[PDB]
$ cat coords01.cif   # mmCIF, C-alpha atoms and all ligand atoms; chains and numbers go by the auth columns
data_my_file
loop_
_atom_site.group_PDB
_atom_site.id
_atom_site.type_symbol
_atom_site.label_atom_id
_atom_site.label_comp_id
_atom_site.label_asym_id
_atom_site.label_seq_id
_atom_site.Cartn_x
_atom_site.Cartn_y
_atom_site.Cartn_z
_atom_site.B_iso_or_equiv
_atom_site.auth_seq_id
_atom_site.auth_asym_id
ATOM 1 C CA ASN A 1 -51.397 -60.987 -43.868 0.00 701 A
ATOM 2 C CA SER A 2 -54.119 -59.653 -46.203 0.00 702 A
ATOM 3 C CA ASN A 3 -55.351 -56.070 -45.501 0.00 703 A
ATOM 4 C CA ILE A 4 -59.010 -56.952 -46.233 0.00 704 A
ATOM 5 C CA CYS A 5 -61.530 -59.344 -44.512 0.00 705 A
ATOM 6 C CA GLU A 6 -61.592 -62.655 -46.308 0.00 706 A
ATOM 7 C CA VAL A 7 -65.421 -62.829 -45.977 0.00 707 A
ATOM 8 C CA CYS A 8 -66.750 -59.284 -46.879 0.00 708 A
ATOM 9 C CA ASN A 9 -63.640 -57.917 -48.628 0.00 709 A
ATOM 10 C CA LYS A 10 -63.574 -54.659 -46.635 0.00 710 A
ATOM 11 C CA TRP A 11 -60.841 -53.207 -44.431 0.00 711 A
ATOM 12 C CA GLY A 12 -61.373 -52.351 -40.842 0.00 712 A
ATOM 13 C CA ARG A 13 -60.560 -53.892 -37.399 0.00 713 A
ATOM 14 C CA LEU A 14 -59.035 -57.150 -38.702 0.00 714 A
ATOM 15 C CA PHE A 15 -57.689 -60.184 -36.815 0.00 715 A
ATOM 16 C CA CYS A 16 -54.905 -61.983 -38.629 0.00 716 A
ATOM 17 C CA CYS A 17 -54.460 -65.741 -38.886 0.00 717 A
ATOM 18 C CA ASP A 18 -51.117 -66.981 -37.497 0.00 718 A
ATOM 19 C CA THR A 19 -50.869 -69.887 -39.874 0.00 719 A
ATOM 20 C CA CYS A 20 -52.072 -68.381 -43.085 0.00 720 A
ATOM 21 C CA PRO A 21 -52.256 -64.899 -44.606 0.00 721 A
ATOM 22 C CA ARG A 22 -56.026 -64.471 -44.260 0.00 722 A
ATOM 23 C CA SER A 23 -57.631 -61.806 -42.140 0.00 723 A
ATOM 24 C CA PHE A 24 -61.113 -61.313 -40.591 0.00 724 A
ATOM 25 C CA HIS A 25 -63.505 -59.019 -39.003 0.00 725 A
ATOM 26 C CA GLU A 26 -64.441 -60.355 -35.572 0.00 726 A
ATOM 27 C CA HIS A 27 -68.031 -61.354 -36.478 0.00 727 A
ATOM 28 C CA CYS A 28 -67.284 -62.224 -40.116 0.00 728 A
ATOM 29 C CA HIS A 29 -65.221 -65.246 -38.947 0.00 729 A
ATOM 30 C CA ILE A 30 -67.316 -68.189 -37.789 0.00 730 A
ATOM 31 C CA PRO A 31 -67.041 -68.911 -34.963 0.00 731 A
ATOM 32 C CA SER A 32 -66.478 -65.147 -33.909 0.00 732 A
ATOM 33 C CA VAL A 33 -62.747 -64.565 -33.553 0.00 733 A
ATOM 34 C CA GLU A 34 -61.662 -65.972 -30.179 0.00 734 A
ATOM 35 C CA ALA A 35 -60.714 -63.449 -27.336 0.00 735 A
ATOM 36 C CA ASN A 36 -57.153 -64.495 -26.530 0.00 736 A
ATOM 37 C CA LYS A 37 -55.427 -67.525 -28.222 0.00 737 A
ATOM 38 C CA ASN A 38 -51.849 -66.741 -29.304 0.00 738 A
ATOM 39 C CA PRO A 39 -51.196 -68.090 -31.803 0.00 739 A
ATOM 40 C CA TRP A 40 -54.662 -68.133 -33.520 0.00 740 A
ATOM 41 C CA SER A 41 -55.599 -70.263 -36.464 0.00 741 A
ATOM 42 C CA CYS A 42 -58.606 -69.367 -38.744 0.00 742 A
ATOM 43 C CA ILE A 43 -61.341 -71.841 -39.737 0.00 743 A
ATOM 44 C CA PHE A 44 -59.637 -72.422 -43.104 0.00 744 A
ATOM 45 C CA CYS A 45 -56.527 -73.558 -41.294 0.00 745 A
ATOM 46 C CA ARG A 46 -58.544 -75.763 -38.825 0.00 746 A
ATOM 47 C CA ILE A 47 -60.332 -77.446 -41.677 0.00 747 A
ATOM 48 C CA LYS A 48 -57.072 -78.111 -43.529 0.00 748 A
ATOM 49 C CA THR A 49 -55.671 -79.712 -40.322 0.00 749 A
ATOM 50 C CA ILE A 50 -58.608 -82.202 -40.133 0.00 750 A
ATOM 51 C CA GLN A 51 -57.872 -83.257 -43.672 0.00 751 A
ATOM 52 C CA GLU A 52 -54.110 -83.549 -43.015 0.00 752 A
ATOM 53 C CA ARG A 53 -54.632 -85.674 -39.897 0.00 753 A
ATOM 54 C CA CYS A 54 -57.034 -88.031 -41.734 0.00 754 A
ATOM 55 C CA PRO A 55 -56.261 -88.069 -45.456 0.00 755 A
ATOM 56 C CA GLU A 56 -58.924 -90.741 -46.031 0.00 756 A
ATOM 57 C CA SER A 57 -61.557 -88.192 -44.920 0.00 757 A
ATOM 58 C CA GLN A 58 -61.356 -86.936 -48.519 0.00 758 A
ATOM 59 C CA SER A 59 -62.575 -90.178 -50.043 0.00 759 A
ATOM 60 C CA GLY A 60 -66.135 -89.962 -51.469 0.00 760 A
ATOM 61 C CA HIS A 61 -69.144 -90.158 -49.169 0.00 761 A
ATOM 62 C CA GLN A 62 -72.855 -90.598 -49.659 0.00 762 A
ATOM 63 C CA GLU A 63 -74.921 -87.518 -48.774 0.00 763 A
ATOM 64 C CA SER A 64 -77.357 -89.667 -46.815 0.00 764 A
ATOM 65 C CA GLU A 65 -74.602 -90.834 -44.507 0.00 765 A
ATOM 66 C CA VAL A 66 -73.230 -87.327 -44.064 0.00 766 A
ATOM 67 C CA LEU A 67 -76.647 -85.906 -43.129 0.00 767 A
ATOM 68 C CA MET A 68 -77.128 -88.496 -40.372 0.00 768 A
ATOM 69 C CA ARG A 69 -73.885 -87.692 -38.635 0.00 769 A
ATOM 70 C CA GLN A 70 -74.139 -86.297 -35.134 0.00 770 A
ATOM 71 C CA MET A 71 -72.798 -82.803 -34.597 0.00 771 A
ATOM 72 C CA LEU A 72 -69.564 -83.734 -32.866 0.00 772 A
ATOM 73 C CA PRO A 73 -66.785 -81.044 -32.864 0.00 773 A
ATOM 74 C CA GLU A 74 -65.441 -81.832 -36.371 0.00 774 A
ATOM 75 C CA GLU A 75 -68.935 -81.781 -37.951 0.00 775 A
ATOM 76 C CA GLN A 76 -69.789 -78.560 -36.038 0.00 776 A
ATOM 77 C CA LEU A 77 -66.678 -77.019 -37.513 0.00 777 A
ATOM 78 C CA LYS A 78 -67.412 -78.227 -41.035 0.00 778 A
ATOM 79 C CA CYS A 79 -70.964 -76.680 -40.871 0.00 779 A
ATOM 80 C CA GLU A 80 -69.527 -73.407 -39.534 0.00 780 A
ATOM 81 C CA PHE A 81 -67.053 -73.341 -42.459 0.00 781 A
ATOM 82 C CA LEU A 82 -69.802 -74.138 -44.993 0.00 782 A
ATOM 83 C CA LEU A 83 -71.933 -71.276 -43.543 0.00 783 A
ATOM 84 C CA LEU A 84 -68.930 -68.974 -43.784 0.00 784 A
ATOM 85 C CA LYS A 85 -68.384 -69.939 -47.453 0.00 785 A
ATOM 86 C CA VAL A 86 -71.958 -68.766 -48.185 0.00 786 A
ATOM 87 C CA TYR A 87 -71.285 -65.400 -46.464 0.00 787 A
ATOM 88 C CA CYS A 88 -68.203 -65.048 -48.588 0.00 788 A
ATOM 89 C CA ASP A 89 -70.426 -64.430 -51.625 0.00 789 A
ATOM 90 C CA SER A 90 -71.694 -60.918 -51.812 0.00 790 A
ATOM 91 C CA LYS A 91 -75.127 -62.142 -52.853 0.00 791 A
ATOM 92 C CA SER A 92 -75.551 -63.559 -49.337 0.00 792 A
ATOM 93 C CA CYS A 93 -76.716 -60.144 -48.278 0.00 793 A
ATOM 94 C CA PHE A 94 -80.186 -60.927 -49.565 0.00 794 A
ATOM 95 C CA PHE A 95 -80.446 -63.968 -47.244 0.00 795 A
ATOM 96 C CA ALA A 96 -78.634 -62.692 -44.140 0.00 796 A
ATOM 97 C CA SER A 97 -81.267 -60.896 -42.112 0.00 797 A
ATOM 98 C CA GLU A 98 -84.867 -61.650 -41.259 0.00 798 A
ATOM 99 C CA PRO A 99 -87.105 -61.389 -44.371 0.00 799 A
ATOM 100 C CA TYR A 100 -90.636 -60.056 -44.733 0.00 800 A
ATOM 101 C CA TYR A 101 -93.226 -60.922 -47.287 0.00 801 A
ATOM 102 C CA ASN A 102 -95.742 -58.497 -48.893 0.00 802 A
ATOM 103 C CA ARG A 103 -96.000 -59.034 -52.636 0.00 803 A
ATOM 104 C CA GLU A 104 -99.233 -59.076 -54.656 0.00 804 A
ATOM 105 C CA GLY A 105 -100.031 -62.635 -55.733 0.00 805 A
ATOM 106 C CA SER A 106 -97.712 -64.406 -53.242 0.00 806 A
ATOM 107 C CA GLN A 107 -97.979 -65.583 -49.711 0.00 807 A
ATOM 108 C CA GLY A 108 -94.928 -65.767 -47.386 0.00 808 A
ATOM 109 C CA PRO A 109 -93.394 -69.064 -46.337 0.00 809 A
ATOM 110 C CA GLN A 110 -94.714 -71.093 -43.440 0.00 810 A
ATOM 111 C CA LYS A 111 -91.252 -71.342 -41.928 0.00 811 A
ATOM 112 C CA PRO A 112 -89.068 -68.339 -42.669 0.00 812 A
ATOM 113 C CA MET A 113 -85.323 -68.853 -42.497 0.00 813 A
ATOM 114 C CA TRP A 114 -82.208 -66.702 -42.896 0.00 814 A
ATOM 115 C CA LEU A 115 -78.427 -66.927 -42.534 0.00 815 A
ATOM 116 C CA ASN A 116 -78.084 -65.043 -39.269 0.00 816 A
ATOM 117 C CA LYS A 117 -80.697 -67.376 -37.745 0.00 817 A
ATOM 118 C CA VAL A 118 -78.635 -70.446 -38.834 0.00 818 A
ATOM 119 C CA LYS A 119 -75.543 -68.704 -37.466 0.00 819 A
ATOM 120 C CA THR A 120 -77.150 -68.222 -34.023 0.00 820 A
ATOM 121 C CA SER A 121 -78.458 -71.795 -34.108 0.00 821 A
ATOM 122 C CA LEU A 122 -74.945 -73.144 -34.696 0.00 822 A
ATOM 123 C CA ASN A 123 -73.494 -70.889 -31.975 0.00 823 A
ATOM 124 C CA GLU A 124 -76.166 -72.101 -29.515 0.00 824 A
ATOM 125 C CA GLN A 125 -75.517 -75.839 -30.420 0.00 825 A
ATOM 126 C CA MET A 126 -79.163 -76.277 -31.541 0.00 826 A
ATOM 127 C CA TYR A 127 -78.410 -78.809 -34.274 0.00 827 A
ATOM 128 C CA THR A 128 -77.824 -82.429 -33.167 0.00 828 A
ATOM 129 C CA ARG A 129 -77.144 -83.767 -36.678 0.00 829 A
ATOM 130 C CA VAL A 130 -75.694 -82.346 -39.953 0.00 830 A
ATOM 131 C CA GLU A 131 -79.146 -82.858 -41.447 0.00 831 A
ATOM 132 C CA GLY A 132 -80.656 -80.056 -39.253 0.00 832 A
ATOM 133 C CA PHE A 133 -78.157 -77.504 -40.486 0.00 833 A
ATOM 134 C CA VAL A 134 -78.439 -78.559 -44.130 0.00 834 A
ATOM 135 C CA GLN A 135 -82.240 -78.602 -44.059 0.00 835 A
ATOM 136 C CA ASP A 136 -82.386 -74.972 -42.713 0.00 836 A
ATOM 137 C CA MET A 137 -79.804 -73.846 -45.314 0.00 837 A
ATOM 138 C CA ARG A 138 -81.774 -75.412 -48.198 0.00 838 A
ATOM 139 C CA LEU A 139 -85.004 -73.946 -46.784 0.00 839 A
ATOM 140 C CA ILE A 140 -83.649 -70.420 -47.210 0.00 840 A
ATOM 141 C CA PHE A 141 -83.391 -70.881 -50.988 0.00 841 A
ATOM 142 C CA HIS A 142 -86.523 -72.948 -51.389 0.00 842 A
ATOM 143 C CA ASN A 143 -88.612 -70.238 -49.593 0.00 843 A
ATOM 144 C CA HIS A 144 -87.125 -67.617 -51.908 0.00 844 A
ATOM 145 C CA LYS A 145 -87.918 -69.578 -55.089 0.00 845 A
ATOM 146 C CA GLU A 146 -91.473 -70.226 -54.075 0.00 846 A
ATOM 147 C CA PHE A 147 -92.205 -66.624 -52.951 0.00 847 A
ATOM 148 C CA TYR A 148 -90.692 -64.815 -55.980 0.00 848 A
ATOM 149 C CA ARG A 149 -92.409 -67.104 -58.529 0.00 849 A
ATOM 150 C CA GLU A 150 -91.697 -65.794 -61.988 0.00 850 A
ATOM 151 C CA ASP A 151 -89.928 -62.635 -60.919 0.00 851 A
ATOM 152 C CA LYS A 152 -86.376 -62.734 -62.234 0.00 852 A
ATOM 153 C CA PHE A 153 -85.220 -62.082 -58.613 0.00 853 A
ATOM 154 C CA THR A 154 -85.801 -65.798 -58.095 0.00 854 A
ATOM 155 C CA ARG A 155 -82.406 -66.300 -59.694 0.00 855 A
ATOM 156 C CA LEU A 156 -80.591 -64.919 -56.652 0.00 856 A
ATOM 157 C CA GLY A 157 -81.827 -68.020 -54.739 0.00 857 A
ATOM 158 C CA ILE A 158 -80.510 -70.366 -57.412 0.00 858 A
ATOM 159 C CA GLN A 159 -77.183 -68.621 -57.432 0.00 859 A
ATOM 160 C CA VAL A 160 -76.558 -68.644 -53.704 0.00 860 A
ATOM 161 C CA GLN A 161 -77.858 -72.235 -53.420 0.00 861 A
ATOM 162 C CA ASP A 162 -75.328 -73.270 -56.054 0.00 862 A
ATOM 163 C CA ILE A 163 -72.544 -71.786 -53.855 0.00 863 A
ATOM 164 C CA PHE A 164 -73.915 -73.689 -50.856 0.00 864 A
ATOM 165 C CA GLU A 165 -74.207 -77.002 -52.738 0.00 865 A
ATOM 166 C CA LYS A 166 -70.689 -76.867 -54.365 0.00 866 A
ATOM 167 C CA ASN A 167 -69.174 -76.059 -50.972 0.00 867 A
ATOM 168 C CA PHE A 168 -71.218 -78.816 -49.250 0.00 868 A
ATOM 169 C CA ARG A 169 -69.864 -81.377 -51.715 0.00 869 A
ATOM 170 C CA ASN A 170 -66.289 -80.121 -51.221 0.00 870 A
ATOM 171 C CA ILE A 171 -66.248 -79.803 -47.432 0.00 871 A
ATOM 172 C CA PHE A 172 -68.018 -83.108 -46.726 0.00 872 A
ATOM 173 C CA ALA A 173 -66.195 -84.909 -49.575 0.00 873 A
ATOM 174 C CA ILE A 174 -69.373 -86.052 -51.280 0.00 874 A
ATOM 175 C CA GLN A 175 -68.712 -88.766 -53.953 0.00 875 A
ATOM 176 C CA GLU A 176 -68.561 -87.144 -57.370 0.00 876 A
ATOM 177 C CA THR A 177 -71.267 -88.202 -59.849 0.00 877 A
ATOM 178 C CA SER A 178 -72.670 -87.368 -63.296 0.00 878 A
HETATM 179 ZN ZN ZN B . -65.661 -58.799 -42.858 0.00 1 B
HETATM 180 ZN ZN ZN B . -55.620 -69.403 -41.495 0.00 2 B
HETATM 181 ZN ZN ZN B . -57.172 -91.171 -40.663 0.00 3 B
#
$ encode --input "coords01.cif" --output "structure tokens" --more "lines below"
Ligand SMILES: [Zn+2]
Ligand SMILES: [Zn+2]
Ligand SMILES: [Zn+2]
Amino acid sequence: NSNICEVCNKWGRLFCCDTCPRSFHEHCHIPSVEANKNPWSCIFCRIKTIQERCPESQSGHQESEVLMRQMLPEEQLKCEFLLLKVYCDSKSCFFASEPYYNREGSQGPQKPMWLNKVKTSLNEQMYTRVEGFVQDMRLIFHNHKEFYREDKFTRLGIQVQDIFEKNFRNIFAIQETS
């Protein structure tokens, strides 16, 4: 197994996957690494199993259909994996914790949003459809772009949204287009 967390790339108290060489801090894995379970399989491995059981699940889909799906166990898992892919980028630090807004010439968003809030919402089963999770994720970056205006810091929102969107299209097998 790797000697660093797959998510934050640091050493520490690491839990090792039994079916792949990845390792995780307890609360870096999503869901948080389960208490007992020998053997244990990481979210990467669980996702790969879904695909292997239903190869046709990789055929292209329309985003509108994906958003309307109810959050049954496989969709819950796919949104947890997509959230975890965003935390894997170091630039997620800017979006992780609760923001505050006091900048001359800007007003804060009407509905603030942040990664740890989406993480608790998933853990508490607060989303009934994929659309609810996706809308809160996109809201994080939209709030950032609107608040930072012409400051070059706006680019951090475009960068982390690009990671989200590429991973959304991969995980939910969105039909490729020009
Ligand atoms: Zn970690
Ligand atoms: Zn694994
Ligand atoms: Zn199948």
$ closest_residue --input "coords01.cif" --among "A:806, A:709, A:875, A:762" --to "residue A:843" --atoms "all atoms listed in the file"
A:806
$ resolve_selection --input "coords01.cif" --expression "the PyMOL selection byres (((not hetatm)) within 8 of (chain B and resi 3))" --output "list in words"
residues 753, 754, 755, 756 and 757 of chain A
$ write_last_selection --input "coords01.cif" --atoms "C-alpha atoms" --output "PDB file, keeping the file's coordinate frame"
ATOM      1  CA  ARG A 753     -54.632 -85.674 -39.897  1.00  0.00           C
ATOM      2  CA  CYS A 754     -57.034 -88.031 -41.734  1.00  0.00           C
ATOM      3  CA  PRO A 755     -56.261 -88.069 -45.456  1.00  0.00           C
ATOM      4  CA  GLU A 756     -58.924 -90.741 -46.031  1.00  0.00           C
ATOM      5  CA  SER A 757     -61.557 -88.192 -44.920  1.00  0.00           C
TER       6      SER A 757
END
$ residues_near_ligand --input "coords01.cif" --ligand "ligand ZN 1 (chain B)" --cutoff "7 Å" --atoms "all atoms listed in the file" --output "ChimeraX atom specification"
/A:705-710,724-725,728
$ resolve_selection --input "coords01.cif" --expression "the PyMOL selection byres (((chain A and resi 864) around 12) and not hetatm)" --output "PyMOL selection string"
chain A and resi 779+781-789+791-792+815+833-841+857-863+865-872
$ resolve_selection --input "coords01.cif" --expression "the PyMOL selection byres (((not hetatm)) within 12 of (chain B and resi 2))" --output "NGL selection string"
:A and (701-702 or 706 or 715-724 or 729 or 733 or 739-749)
$ residues_near_point --input "coords01.cif" --point "(-77.5, -74.1, -35.7)" --cutoff "10 Å" --atoms "only C-alpha atoms" --output "list in words"
residues 771, 776, 779, 780, 815, 816, 817, 818, 819, 820, 821, 822, 823, 824, 825, 826, 827, 828, 829, 830, 832, 833, 834, 836 and 837 of chain A
$ residues_near_point --input "coords01.cif" --point "(-78.1, -86.6, -42.2)" --cutoff "6 Å" --atoms "all atoms listed in the file" --output "VMD selection string"
chain A and resid 764 to 769 830 to 831
$ atom_distance --input "coords01.cif" --atom1 "atom CA of residue A:796" --atom2 "atom CA of residue A:813"
9.2 Å
$ atom_distance --input "coords01.cif" --atom1 "atom CA of residue A:850" --atom2 "atom CA of residue A:808"
15.0 Å
$ axis_aligned_box --input "coords01.cif" --around "stretch 797-800 of chain A" --padding-each-side "6 Å" --output "JSON"
{"center_x": -86.0, "center_y": -60.9, "center_z": -43.0, "size_x": 21.4, "size_y": 13.6, "size_z": 15.5}
$ atom_distance --input "coords01.cif" --atom1 "atom CA of residue A:760" --atom2 "atom CA of residue A:876"
7.0 Å
$ closest_residue --input "coords01.cif" --among "A:774, A:874, A:846, A:795" --to "residue A:809" --atoms "all atoms listed in the file"
A:846
$ closest_residue --input "coords01.cif" --among "A:849, A:737, A:713, A:761" --to "residue A:805" --atoms "all atoms listed in the file"
A:849
$ closest_residue --input "coords01.cif" --among "A:812, A:878, A:790, A:804" --to "residue A:851" --atoms "only C-alpha atoms"
A:804
